[PDB]
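Every residue, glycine among them, receives a Cβ derived from its backbone with ideal geometry; neighbour counts consider all protein chains shown. The numbers here are math on the coordinates, done by the rules we state, and not lab data.
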Amino acid sequence: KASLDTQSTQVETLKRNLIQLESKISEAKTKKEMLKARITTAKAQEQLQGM
Amino acid sequence: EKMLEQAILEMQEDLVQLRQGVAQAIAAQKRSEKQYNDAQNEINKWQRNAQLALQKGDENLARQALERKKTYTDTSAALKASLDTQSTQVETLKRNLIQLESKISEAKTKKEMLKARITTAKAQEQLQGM
């Protein structure tokens, strides 16, 4: 029973981490889209310099 | 898991060897008892012979039997002393075996607990990777 209680707390932490991770991966995908847009804007600025 | 797994296999083989030693000690106790029993039987036979010698009229033979009985008694006394010393050692061995049996079960339980903590540590490592 004592072992189970100690194990249960660890299990809860792991479950919480997984839920957080799921939220995090979605955010990362969103970040990539934002990152792609800024890079395109930078390229446009470079074209002006060429002119 | 590797450190724990190797230890469990090793303890079991050792226990079997200990049991054999205990059996030998038990066998030794039986042998001493048999020898002691034989000495007692011999003494009884000697006593009958001594009485028979008196009836026969051979005084020297009866006296010799009494001397033999004393020697047998001394041997029996020595055997009894040896048995007592051996018995204490045997009791300690038996106690150790019982304790060992309780201990091996505990070790198995410990491995399960150890496995769970390692898994938790791995989860923490994954968070660092993120």
**Dipole of chain A, positive direction: furthest Cα of A:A44, A:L18, A:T30, with charges on the beta-carbon** = A:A44
**Request:** Could you give the C-alpha radius of gyration of chain A expressed as a fraction of 2.2 N^0.38 Å, taking N as the number of residues it contains?
**Result:** 2.28
**Asked** Under the definition of partner shielding as Cβ atoms of other protein chains within 10 Å of a residue Cβ, what is the mean value for peptide B:104-113?
**Response** 1
**Message:** Just checking the output field for A:34-40: average partner chain Cβ neighbours within 10 Å of each residue's Cβ?
**Reply:** 0
**Asked** Hey, what do the phi angles of region B:100-108 turn into as Karplus ³J(HN,Hα) couplings, whole Hz, using 6.51/-1.76/1.60 and θ = phi - 60°, x for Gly and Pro?
**Response** 4, 4, 5, 5, 5, 5, 5, 4, 4
**Item:** Other protein chain Cβ atoms within 10 Å, averaged over every residue that makes up A:7-13
**Value:** 3
**Asked** Taking Cα atoms of region B:1-125, Rg/Rh with Kirkwood Rh, to two decimals?
**Response** 1.45
**Item:** Surrounding net charge for B:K115, when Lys and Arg each add one and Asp and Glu each subtract one, Cβ distance under 14 Å
**Value:** +3
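Taking other Cβ within 10 Å of each residue's Cβ, how do A:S23, B:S76 sort, fewest first? Don't skip to the end; give the middle numbers.
Details: A:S23 8, B:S76 18.
With the fewest neighbours first, A:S23, B:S76 line up as A:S23, B:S76.
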